[PDB]
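Colleague: Dropping the structure in here first, questions after.
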Amino acid sequence: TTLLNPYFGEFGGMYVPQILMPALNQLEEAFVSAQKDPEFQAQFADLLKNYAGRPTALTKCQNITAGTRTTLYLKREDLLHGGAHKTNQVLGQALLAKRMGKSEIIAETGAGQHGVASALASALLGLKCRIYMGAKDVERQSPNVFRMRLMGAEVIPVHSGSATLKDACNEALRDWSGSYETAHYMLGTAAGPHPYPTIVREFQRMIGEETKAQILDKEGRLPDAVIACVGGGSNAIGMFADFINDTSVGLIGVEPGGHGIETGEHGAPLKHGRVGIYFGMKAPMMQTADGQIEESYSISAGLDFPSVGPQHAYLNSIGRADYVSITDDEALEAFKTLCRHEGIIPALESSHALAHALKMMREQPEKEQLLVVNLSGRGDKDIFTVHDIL
Amino acid sequence: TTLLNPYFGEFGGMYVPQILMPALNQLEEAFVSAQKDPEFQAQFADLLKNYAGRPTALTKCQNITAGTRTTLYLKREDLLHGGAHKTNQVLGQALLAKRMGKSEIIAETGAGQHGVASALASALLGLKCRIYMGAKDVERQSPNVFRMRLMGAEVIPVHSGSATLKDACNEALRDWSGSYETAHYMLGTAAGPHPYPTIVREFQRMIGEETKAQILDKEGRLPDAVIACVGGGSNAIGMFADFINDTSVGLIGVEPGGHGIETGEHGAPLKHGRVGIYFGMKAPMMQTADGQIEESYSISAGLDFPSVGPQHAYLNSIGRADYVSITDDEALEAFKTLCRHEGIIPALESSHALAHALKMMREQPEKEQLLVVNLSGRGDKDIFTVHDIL
Amino acid sequence: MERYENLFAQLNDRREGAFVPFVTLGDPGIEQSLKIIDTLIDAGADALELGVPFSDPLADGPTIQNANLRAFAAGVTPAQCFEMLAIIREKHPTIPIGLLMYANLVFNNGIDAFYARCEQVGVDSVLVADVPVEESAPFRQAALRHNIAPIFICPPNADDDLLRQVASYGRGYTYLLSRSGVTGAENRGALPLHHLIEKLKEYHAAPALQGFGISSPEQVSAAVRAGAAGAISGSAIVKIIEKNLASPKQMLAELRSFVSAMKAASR
Amino acid sequence: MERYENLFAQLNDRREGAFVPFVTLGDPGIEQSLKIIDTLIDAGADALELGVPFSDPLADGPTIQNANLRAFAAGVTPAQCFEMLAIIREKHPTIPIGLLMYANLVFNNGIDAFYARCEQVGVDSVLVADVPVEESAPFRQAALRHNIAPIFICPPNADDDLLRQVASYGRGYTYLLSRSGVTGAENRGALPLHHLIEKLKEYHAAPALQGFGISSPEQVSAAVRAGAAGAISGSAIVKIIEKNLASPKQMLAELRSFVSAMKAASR
Ligand SMILES: *Cc1c(COP(=O)(O)O)cnc(C)c1O
Ligand SMILES: *Cc1c(COP(=O)(O)O)cnc(C)c1O
Ligand SMILES: O=P(O)(O)OC[C@@H](O)CO
Ligand SMILES: O=P(O)(O)OC[C@@H](O)CO
Ligand code: NA
Ligand code: NA
């Protein structure tokens with residue numbers, strides 16, 4: 002029995018071993034209570050404003066759109082403390098952990114951004130943080146690993162399975178299965194078992210709320226579409242949530258197409274995978290024909306979650322949101338274009354979203370359209386990657 | 002003849018070859034005109050707000066000060082677009098360049114942050130940017146050099162002299178001596194010939210203006226002191242300017258003490274150098290007994306300017322501001338402490354300022370004091386340096 | 001069929017508890033796993049609990065993570081597991097065979113089709129480790145349509161509503177967890193389980209098999225004395241495989257010695 | 001003393017322009033620089049313009065940047081330069097000797113003390129390259145108290161107020177820049193300088209020596225024809241040093257050939 006519906010249509014649920022169900026029910030109840038609590042809301046807003054730097058800017062990109070009838074704005078989550086939107090929801094989850102009387106945080110991370118985010122929130126709020134990270138990811142993200150440790154978190158390499166994000170996800174759940182009485186699991190995206198998809202959307206929905214107010218101020222109308230990359234689905238649902246009931250506003254999510262969908266080396270399970278049950282939820286998964294879970298491939302390390310949030314699968318099924326994919330070369334081209342024409346270095350994750358906006362503009366340059374791209378993070382971390390390719 | 006006084010007491014002036022004097026007079030007149038122009042002011046404010054992310058947060062650091070009677074706030078220039086305060090004044094200078102009808106930008110850089118800043122502003126505003134950088138600095142700042150080029154600037158290594166910042170400063174002036182009719186020299190600190198000390202302070206003074214309003218809102222009174230690192234003097238004069246007439250507010254500037262003042266391997270010319278004439282101005286310089294200019298040494302690459310802004314030398318001489326120094330090990334300790342206790346990674350430059358605040362707190366823990374440190378930049382760039390030392 | 005019911009009746013007539021080993025099918029290869037299983041039965045196993053290799057076994061500690069890695073190195077697939085199961089049933093007509101599965105392998109090609117395949121090969125029960133009672137409806141319904149007992153875990157943090165649900169929905173046996181955490185022989189449960197056991201009997205639940213951390217004879221006799229119908233041991237068995245990979249003959253001898261000892265403790 | 005005035009009078013009597021080479025003192029070593037200077041004079045230099053090595057010569061192109069680097073490799077200091085100057089004056093009693101200095105070397109140990117040292121060794125003039133007229137007051141005053149002519153640059157972008165100031169303040173000669181930019185033989189000035197030259201004479205300025213980019217005889221004769229009193233050549237001379245570092249004897253021969261040619265062009 003739960004307070005809120007754990008499903009978005011057929012997708013979602015609470016597919017964890019029975020021993021973890023009390024922890025999920027406890028978290029759901031704490032969340033419902035926090036959402037009606039003016040003191041919790043004031044505390045969250047204060048950290049968002051005075052620690053993280055909200056509200057973030059909405060930047061118009063006239064150099065990019067010159068000569069066309071596209072007007073494009075970027076929502077500047079690259080300017081949030083930590084360099085990516087993940088900071089919003091780790092602060093709310095840290096506060097939920099304290100509300101429940103927990104003193105320890107467990108988190109998983111792939112590219113490391115979620116681990117840095119979890120470590121910074123835990124340092125600020127006095128929580129003891131341990132992070133699980135696939136050993137292959139530890140090897141290729143030494144900078145992030147060192148940032149986590151400078152912030153006082155313990156980083157534990159995971160060598161099982163493929164030694165990447167999914168295996169860190171498993172290990173986090175194995176730990177929580179034994180430590181839930183003292184530790185909160187600070188999950189990194191809008192996926193996993195209920196209530197996580199719902200809590201992560203609500204702790205990211207200020208992205209879309211601010212965007213709406215900002216665009217109304219600057220243009221006096223809502224966007225024709227809002228566009229966001231989809232790794233696990235958090236930045237995209239945070240941008241989409243406030244516009245879901247605005248039927249005229251398009252919601253476009255962009256999964257990584259890797260080397261190309263036809264090559265099979267991609268990370269686009271929503272449109273090109275198959276529904277399965279893993280990580281606590283029923284959702285589209287990267288998996289073999291026999292049901293073994295597989296990795297997502299992208300030039301961008303952070304779009305590596307091999308499934309997708311159940312709310313996105315639901316919005317897709319009813320046709321409220323549209324999902325597309327962008328390849329590695331398209332993302333690289335968008336990264337180069339933003340640097341040169343606007344002086345902003347975008348994360349290679351966010352570059353997928355910007356690449357799809359550029360295609361909408363270039364393919365029909367005389368179509369009048371007001372677009373917002375969620376610039377989910379900054380790309381200083383990606384310059385070596387981009388340098389080596391080039 | 003000039004419109005504004007080129008001196009702060011005995012310090013400052015316009016010590017350039019005669020051929021550059023028309024360019025300085027032109028710039029001074031354009032600046033005076035821009036400062037009375039509501040359209041220029043609106044345009045500058047719009048870029049600061051909607052592109053750069055102003056206003057920046059003022060963050061209270063209660064974990065750091067626990068157990069003492071110090072209250073400490075950090076002014077969050079680490080959250081400005083580009084990661085450091087330099088972005089404020091390059092946007093204003095880019096606009097002055099366009100106001101004068103110039104289409105090209107020349108800039109110098111040491112650690113590269115000024116070069117990235119100049120390149121981003123020039124990309125946004127349609128200016129063709131060339132950057133001079135000491136070849137020894139080019140070798141040790143490959144990331145910044147690549148960011149400049151991604152943003153479309155031309156980076157030109159300088160091999161003369163010591164092949165570091167002062168030699169790039171010279172080369173920039175040699176170029177402008179021949180190209181001033183089409184190019185504006187976008188100087189990187191509040192130093193050099195008038196009118197640069199004055200323009201750079203006025204294009205950074207929103208740091209102190211916002212701090213004042215923010216502290217009055219949160220505490221209902223002005224700080225007992227505002228504390229900032231001093232490489233060339235821009236972030237510090239931007240923080241100090243609005244408080245100069247508030248006689249109760251202490252102004253403390255922190256030069257790098259390197260390995261220790263007694264070792265001679267430091268970068269503290271204001272308190273430990275000797276007045277000379279170089280880079281267009283009369284000011285305290287790092288120099289030998291015979292008058293040859295020398296480098297500044299610091300663990301932080303960005304506190305490398307071998308002199309200091311003439312306004313700081315003047316504020317010191319009359320005792321309105323106090324200047325101190327912090328060593329490499331003190332800065333490293335402050336860097337570690339902020340990461341672990343507040344989840345913020347500070348630039349090693351800014352860490353000098355924070356280290357002096359920590360000393361003010363620790364040396365007299367029962368003294369009641371409200372302090373603001375200017376957190377001039379983020380320290381993601383410094384993690385390798387810090388990792389290797391440790 | 002009613003193999004669990006026949007077993008527990010027989011055992012009750014001898015005042016004996018069940019001893020039920022777990023292994024991962026195909027660890028460390030198909031042929032050796034078949035030999036391992038025959039040895040477990042010859043040495044006194046009353047029933048089998050068997051895993052199908054899966055990419056992400058989130059209820060398992062390192063010992064069983066490694067068994068899965070070994071099975072994958074041997075190329076073991078679910079279809080190969082089903083062929084093994086058919087062969088095990090053809091050799092041994094009465095022993096209860098229960099699967100311990102992860103959800104994605106059951107849902108993959110259709111939940112109903114999975115249970116139908118289990119009935120075709122002779123499996124008696126299925127525990128899906130990452131399906132709590134609250135999500136179990138399609139799994140239990142499909143199990144029952146194909147004469148397969150759906151098994152539920154009764155955790156130590158179980159409340160009364162959960163005990164009633166477990167007792168109502170489960171068949172064959174109830175999996176009584178020794179403790180929180182994941183599988184592993186290193187970590188022994190020490191909580192008193194007497195109350196849960198009595199409550200389950202009060203609610204007419206399927207007989208309880210204690211599992212997780214059972215690695216020694218005294219823990220088998222303790223489980224039976226507390227009122228459980230038996231005990232399951234997996235990591236302890238799997239560790240004997242892992243330590244003897246280089247000597248398949250010695251591996252079977254040690255498995256025999258251990259299962260014999262554990263089974264003796266249930267009498 | 002009035003060495004520039006005596007020179008320009010003599011030259012006017014022969015309807016000749018002055019040819020004035022520049023070198024950096026101590027490039028490429030003290031002894032060789034002294035020999036270079038004697039050769040320049042023997043081959044026909046009418047006056048000398050001499051630089052003191054400085055760490056940051058911001059008015060100089062690469063050729064002179066390199067002369068400074070060479071002098072520093074030889075350990076050349078300002079005090080060593082002053083000893084050289086005394087020695088040059090002791091050998092040559094009438095030739096005008098002008099310094100081209102950077103401000104910090106003049107201000108270092110006191111502006112007055114610098115000019116006093118120049119008077120003690122026999123220097124006739126000083127041009128401080130990074131002191132514009134607007135900042136020149138303490139420099140010109142100190143120069144005049146020590147019988148040293150303060151020299152100012154008249155740039156191509158000079159307005160009337162600047163011409164008047166230059167004419168009023170300067171003594172000895174006026175440095176007429178050929179063009180914008182920094183020193184260097186590669187880049188030749190081509191602007192007509194006739195108007196500036198006439199305006200300076202109208203305002204009774206010290207006689208004009210054209211400098212920057214003068215590297216060939218035809219440019220010497222062109223400067224004299226336009227009305228200048230002569231011409232200065234530095235990078236062209238310094239390049240002969242740089243190209244002949246390995247053969248000091250050949251270096252002096254080529255310097256002789258070049259200065260002789262440049263001086264012939266002024267007649
Ligand atoms: C982690 C990350 C993403 C992907 O995660 P979502 O949950 O899909 O938002 C996207 N952009 C940035 C910058 C990230 O750090
Ligand atoms: C460049 C820089 C400084 C030093 O320059 P100032 O002109 O003294 O402010 C200080 N902090 C940061 C972060 C910088 O990038
Ligand atoms: O003995 P354990 O701890 O591996 O627990 C038993 C499980 O493997 C299987 O039921
Ligand atoms: O001949 P240039 O171009 O080096 O210019 C002359 C200066 O060196 C010295 O007066
Ligand atoms: Na995904
Ligand atoms: Na300095």
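Protein chains in written order, with the entry's author numbering: chain B, 2 to 391; chain B', 2 to 391; chain A, 1 to 267; chain A', 1 to 267. A prime marks a further copy of an entry chain.
Here a beta-carbon is modelled for each residue, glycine too, at the ideal position from N, C-alpha and C.
Just to confirm, is the Cβ distance from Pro196(B') to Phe32(B') under 7 Å?
Modeller: Start at 1 with the first residue of the second sequence, and residue 196(B') comes out as number 195. Start at 1 with the first residue of the second sequence, and residue 32(B') comes out as number 31. In contact: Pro196(B') and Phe32(B') (Cβ atoms closer than 7 Å).
Colleague: Please determine whether the Cβ atom of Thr183(A) lies at a distance below 6 Å from any heavy atom of ligand 3.
Modeller: Taking the third sequence and counting its residues from 1, one reaches residue 183(A) at position 183. True, at least one ligand heavy atom lies under 6 Å from that Cβ.
Colleague: Using a Cβ-Cβ cutoff of less than 6 Å, which residues in the same chain neighbour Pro285(B') once the five nearest sequence positions on both sides are dropped?
Modeller: Position 284 of the second sequence holds residue 285(B'). Within the same chain, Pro285(B') has close Cβ partners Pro270, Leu271, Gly274, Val276, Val309, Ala314.
Colleague: With a 10 Å radius around its C-beta and 16 neighbouring C-beta atoms as the bar for buried, classify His388(B) as buried or exposed.
Modeller: If you number the first sequence from 1, residue 388(B) lands on position 387. When all chains shown are included, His388(B) counts as exposed.
Colleague: Does the distance from the CB of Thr24(A) to the CB of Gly44(A) come in under 7 Å?
Modeller: Within the third sequence, numbered from 1, the residue matching residue 24(A) stands at position 24. Within the third sequence, numbered from 1, the residue matching residue 44(A) stands at position 44. No. Outside cutoff.
Colleague: With a threshold of 16 other CB atoms inside 10 Å of the CB of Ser326(B), please say whether the residue is buried or exposed.
Modeller: In the first sequence, residue 326(B) corresponds to position 325, counting from 1. That one is buried.
Colleague: Threshold first: 4 residues or longer. Then list the alpha helix (DSSP H) segments lying entirely within the stretch 212-263 of chain A', N to C.
Modeller: Listed in chain order, the complete alpha helix (DSSP H) runs (minimum 4 residues) inside the stretch 212-263 of chain A' are 217-225, 235-243.
Colleague: Which residues in chain B sit within 9 Å of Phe147(B'), going by Cβ to Cβ distance?
Modeller: Translated into the one-based positions of the second sequence, residue 147(B') becomes position 146. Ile384, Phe385, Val387, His388, listed in chain order.
Colleague: Quick check on the DSSP output: the alpha helix (DSSP H) that includes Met361(B) runs from which residue to which?
Modeller: Locating residue 361(B) in the first sequence gives position 360, where the first residue counts as 1. Segment 349-364, the alpha helix (DSSP H) holding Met361(B).
Colleague: Apart from the five residues on each side of it in sequence, which residues of its chain come closer than 8 Å, Cβ to Cβ, to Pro138(A)?
Modeller: Within the third sequence, numbered from 1, the residue matching residue 138(A) stands at position 138. These residues qualify, in order along the chain: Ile111.
Colleague: For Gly239(B), does the three-state DSSP call read helix, strand or coil?
Modeller: Numbered from 1 along the first sequence, position 238 holds the residue referred to as residue 239(B). It is helical.
Colleague: I need the DSSP call for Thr174(A'), collapsed to helix, strand or coil.
Modeller: Locating residue 174(A') in the fourth sequence gives position 174, where the first residue counts as 1. Three-state DSSP puts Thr174(A') in a strand.
Colleague: Within this structure, are the beta carbons of residue 272(A) and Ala167(A) separated by less than 7 Å?
Modeller: What the structure shows of chain A is the stretch from 1 to 267, and residue 272(A) is not part of that stretch, so it cannot be assessed.
Colleague: For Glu49(A), is the beta carbon positioned less than 6 Å from some heavy atom of ligand 3?
Modeller: Residue numbering aside, residue 49(A) sits at position 49 when the third sequence is read from its first letter. Answer for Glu49(A): yes, Cβ within range of ligand 3.
Colleague: Within 10 angstroms of its Cβ, does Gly68(B) collect 16 or more other Cβ (buried), or is it exposed?
Modeller: What you label residue 68(B) is simply residue 67 of the first sequence in a count that begins at 1. It counts as exposed.
Colleague: Residues of chain B with a CB under 9 Å from the CB of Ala103(A): which are they?
Modeller: As a working mapping, residue 103(A) is identified with position 103 in the third sequence. Per Cβ cutoff of 9 Å: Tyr16, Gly277, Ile278, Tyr279, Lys283.
Colleague: With 16 as the cutoff for other CB atoms within 10 Å, does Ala173(B') come out buried or exposed?
Modeller: Here residue 173(B') corresponds to residue number 172 of the second sequence, with the count starting at 1. Buried: at least 16 other Cβ atoms inside 10 Å.
Colleague: Can you tell which of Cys340(B), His82(B), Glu369(B) has the C-alpha that lies nearest to the C-alpha of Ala356(B)?
Modeller: Here residue 356(B) corresponds to residue number 355 of the first sequence, with the count starting at 1. Taking only the C-alpha atoms, the option nearest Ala356(B) is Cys340(B).
Colleague: Give the interface partners of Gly189(A') over in chain B', defined as CB-CB distance under 9 Å, in chain order.
Modeller: For the purposes of this step, residue 189(A') is taken as residue 189 along the fourth sequence, with counting starting at 1. Going along chain B', no residue has its Cβ under 9 Å from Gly189(A'), so there is no contact; the nearest lies around 11 Å.
Colleague: Go ahead and label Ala226(B') buried or exposed: buried means 16 or more other beta carbons lie within 10 angstroms of its beta carbon, across all protein chains shown.
Modeller: Along the second sequence, one-based indexing puts residue 226(B') at 225. It counts as buried.
Colleague: Step through the CB atoms of chain B and report whether any lies within less than 7 Å of the CB of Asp27(A).
Modeller: Residue numbering aside, residue 27(A) sits at position 27 when the third sequence is read from its first letter. False, the Cβ-Cβ gap to chain B never drops below 7 Å.
Colleague: Relative to chain B', which residues along the stretch 179-210 of chain A' have a C-beta separation below 9 Å, given in chain order?
Modeller: Under the 9 Å Cβ criterion, the stretch 179-210 of chain A' contributes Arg179, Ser180, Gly181, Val182, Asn187.
Colleague: Could you name the residues of the same chain whose beta carbon sits closer than 8 Å to that of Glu211(B), not counting the 5 residues immediately before and after it, in chain order?
Modeller: Numbered from its first residue, the first sequence carries residue 211(B) at position 210. Cβ within range, chain order: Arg55, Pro56, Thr57, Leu59, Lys76.
Colleague: Look at the alpha carbon of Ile151(A) and the alpha carbon of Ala143(A), and state the distance between them as a whole number of angstroms.
Modeller: On the third sequence, position 151 is the one that residue 151(A) refers to. On the third sequence, position 143 is the one that residue 143(A) refers to. Between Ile151(A) and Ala143(A), the C-alpha separation is close to 10 Å.
Colleague: Have a look at the DSSP bridge pairing and note the partners of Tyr8(B').
Modeller: Residue numbering aside, residue 8(B') sits at position 7 when the second sequence is read from its first letter. Beta-bridge pairing links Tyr8(B') to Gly13(B').
Colleague: For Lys239(A'), collect the residues of the same chain with a Cβ closer than 8 Å to its Cβ; drop the 5 residues on either side in sequence, then sort them by chain order.
Modeller: To locate residue 239(A'), count along the fourth sequence from 1; it is residue 239. Here the set comprises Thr63, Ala185.
Colleague: If I measure Cβ to Cβ from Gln142(B') and keep anything under 8 Å in the same chain, skipping five residues before and after, which residues do I get?
Modeller: Within the second sequence, the letter at position 141 stands for residue 142(B'). Cβ neighbours of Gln142(B') beyond the five flanking positions: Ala112, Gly113, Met134, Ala302.
Colleague: Could you work out which residue in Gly234(A), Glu83(A), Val121(A), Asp56(A) is closest to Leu40(A) when comparing CA atoms only?
Modeller: Working through the third sequence from its first residue, we reach residue 40(A) at position 40. The residue with the shortest Cα to Cα distance from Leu40(A) is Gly234(A).
Colleague: Report the three-state DSSP secondary structure of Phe22(A') (helix, strand or coil).
Modeller: The residue labelled residue 22(A') in the question sits at position 22 within the fourth sequence. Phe22(A') falls in the strand class under three-state DSSP.
Colleague: Using 8 Å as the cut-off, can you tell me whether the stretch 362-381 of chain B' makes contact with the stretch 75-83 of chain A, which would need three or more C-beta pairs spanning the two stretches below that distance?
Modeller: The stretch 362-381 of chain B', when compared against the stretch 75-83 of chain A, does not touch it at the 8 Å Cβ threshold.
Colleague: CA-CA distance, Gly281(B') and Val20(A')?
Modeller: The residue labelled residue 281(B') in the question sits at position 280 within the second sequence. The residue labelled residue 20(A') in the question sits at position 20 within the fourth sequence. For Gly281(B') and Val20(A'), the distance between alpha carbons rounds to 28 Å.
Colleague: Under a CB-based cut-off of 7 Å, is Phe107(A') close to chain B'?
Modeller: Here the question's residue 107(A') lines up with position 107 in the fourth sequence. At least one chain B' Cβ lies under 7 Å of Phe107(A').
Colleague: Could you check if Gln312(B') is buried or exposed, using at least 16 other CB atoms within 10 Å of its CB as the buried criterion?
Modeller: As a position in the second sequence, residue 312(B') is number 311, starting the count at 1. Classification of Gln312(B'): buried, given that the 10 Å Cβ count is 16 or more.
Colleague: Does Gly153(B') come within less than 7 Å of chain A' when only Cβ atoms are used?
Modeller: Along the second sequence, read from residue 1 onward, the residue named residue 153(B') stands at position 152. Taking Cβ atoms only, chain A' never reaches closer than 7 Å to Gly153(B'), which makes this a no.
Colleague: Taking 6 Å as the cut-off, is the beta-carbon of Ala269(B) closer than that to any non-hydrogen atom of ligand 1?
Modeller: Sequence index remark: in the first sequence, residue 269(B) carries index 268 (1-based). No, Cβ of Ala269(B) sits at least 6 Å from all heavy atoms of ligand 1.
Colleague: Along the chain, which unbroken stretches of the beta strand (DSSP E) at least 3 residues long are found entirely within the stretch 218-273 of chain B?
Modeller: As far as the stretch 218-273 of chain B is concerned, its whole beta strand (DSSP E) runs of at least 3 residues are 226-230, 251-259.
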